[PDB]
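Peer 1: Below you'll find the structure I mean.
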Amino acid sequence: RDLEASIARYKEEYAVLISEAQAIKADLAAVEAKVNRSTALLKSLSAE
Amino acid sequence: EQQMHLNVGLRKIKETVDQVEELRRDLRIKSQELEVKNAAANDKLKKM
């Protein structure tokens, strides 16, 4: 019962670590979409 | 008048390029730091 409670607590910590990662990943995908588009935007500004 | 405007416009475009490059470089650095932190939290979460 103690091991089952430790397994459930670890599984909850992992689901929390996975949810936090998905927020960090979506934040990163927005920050990159920004990075790539900002480099390409600058390629446009220089052409203009 | 047209040459002065175009020249003034080029000055303002260079100013805007400076503004976006400062945002992009900082946006790219934040995106890279968030990806390394995400990659670290993924490895720790996989180990757990």
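We name chains A, B, ... following the order of the structure tokens; residues begin at 1 in each chain, and ligands are numbered from 1 as shown.
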Show which residues sit within 12 Å of residue 48 (chain A), as a list in words. Count only C-alpha atoms, and ignore same-chain residues fewer than 2 positions away.
Peer 2: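 So the residues in contact are residues 41, 42, 43, 44, 45 and 46 of chain A; 6, 9, 10, 13, 14 and 17 of chain B.
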Peer 1: How would the residues just picked look written out with N, CA, C and O atoms as a short mmCIF file (atom, residue, chain, number, x, y, z; two decimals), in the first residue's frame?
Peer 2:
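Saved the output as part-v3.cif:
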data_model
loop_
_atom_site.label_atom_id
_atom_site.label_comp_id
_atom_site.auth_asym_id
_atom_site.auth_seq_id
_atom_site.Cartn_x
_atom_site.Cartn_y
_atom_site.Cartn_z
N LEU A 41 11.51 38.28 -41.21
CA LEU A 41 11.00 39.70 -41.28
C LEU A 41 12.19 40.62 -41.59
O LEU A 41 12.08 41.55 -42.35
N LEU A 42 13.27 40.39 -40.87
CA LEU A 42 14.45 41.20 -41.13
C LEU A 42 14.99 40.96 -42.51
O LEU A 42 15.35 41.96 -43.19
N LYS A 43 15.00 39.68 -42.93
CA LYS A 43 15.37 39.51 -44.36
C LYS A 43 14.50 40.40 -45.30
O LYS A 43 15.09 41.10 -46.23
N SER A 44 13.19 40.43 -45.03
CA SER A 44 12.32 41.37 -45.78
C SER A 44 12.69 42.84 -45.59
O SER A 44 12.82 43.57 -46.58
N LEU A 45 12.90 43.28 -44.36
CA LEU A 45 13.20 44.71 -44.12
C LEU A 45 14.45 45.03 -44.95
O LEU A 45 14.48 46.02 -45.65
N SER A 46 15.49 44.18 -44.92
CA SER A 46 16.75 44.53 -45.62
C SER A 46 16.46 44.61 -47.11
O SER A 46 16.96 45.53 -47.75
N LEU B 6 12.52 59.88 -49.10
CA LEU B 6 13.08 58.53 -49.19
C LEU B 6 14.24 58.45 -48.22
O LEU B 6 14.35 57.41 -47.60
N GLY B 9 12.92 58.22 -44.85
CA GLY B 9 12.29 56.91 -44.72
C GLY B 9 13.30 55.81 -44.50
O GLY B 9 13.05 54.95 -43.69
N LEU B 10 14.43 55.85 -45.21
CA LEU B 10 15.49 54.86 -44.99
C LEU B 10 16.03 54.98 -43.57
O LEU B 10 16.30 53.97 -42.95
N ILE B 13 13.54 53.35 -41.38
CA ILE B 13 13.57 51.88 -41.59
C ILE B 13 14.77 51.27 -40.89
O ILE B 13 14.61 50.22 -40.28
N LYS B 14 15.92 51.94 -40.94
CA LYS B 14 17.07 51.41 -40.19
C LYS B 14 16.77 51.44 -38.69
O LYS B 14 17.18 50.52 -37.97
N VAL B 17 14.62 48.53 -37.99
CA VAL B 17 15.47 47.31 -38.04
C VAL B 17 16.21 47.17 -36.73
O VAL B 17 16.25 46.08 -36.20
#
Peer 1: Quick one: residues within 12 Å of residue 24 (chain B), only C-alpha atoms, excluding same-chain residues fewer than 2 positions away - as JSON, numbers by chain?
Peer 2: {"A": [31, 32, 33, 34, 35, 36, 37, 38, 39, 40, 41, 42], "B": [16, 17, 18, 19, 20, 21, 22, 26, 27, 28, 29, 30, 31, 32]}
Peer 1: Just the residues within 10 Å of residue 48 (chain B), please, counting only C-alpha atoms, with nothing from its chain fewer than 2 positions along; format it as a PyMOL selection string.
Peer 2: (chain A and resi 10-11+13-14+17) or (chain B and resi 42-46)
Peer 1: Kindly export the residues of the current selection with C-alpha atoms, as a short mmCIF file (atom, residue, chain, number, x, y, z; two decimals), in the first residue's frame.
Peer 2:
data_model
loop_
_atom_site.label_atom_id
_atom_site.label_comp_id
_atom_site.auth_asym_id
_atom_site.auth_seq_id
_atom_site.Cartn_x
_atom_site.Cartn_y
_atom_site.Cartn_z
CA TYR A 10 5.54 9.72 -8.58
CA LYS A 11 2.98 9.31 -11.45
CA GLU A 13 4.76 14.37 -10.19
CA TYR A 14 5.49 13.05 -13.74
CA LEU A 17 6.39 17.61 -14.99
CA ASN B 42 12.39 16.32 -20.12
CA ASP B 43 15.62 14.35 -19.23
CA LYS B 44 14.92 14.72 -15.44
CA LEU B 45 11.23 13.70 -16.00
CA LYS B 46 12.40 10.63 -18.07
#
Peer 1: Figure out the distance between CA of residue 30 (chain A) and CA of residue 15 (chain A), please, to one decimal in Å.
Peer 2: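 About the pair CA of residue 15 (chain A) and CA of residue 30 (chain A): they are 22.4 Å apart.
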Peer 1: Tell me, as a list in words, which residues lie within 9 Å of residue 24 (chain A), counting only C-alpha atoms; anything in the same chain fewer than 4 positions away does not count.
Peer 2: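 What passes the distance filter is residues 19, 20, 28 and 29 of chain A; 34, 35, 37 and 38 of chain B.
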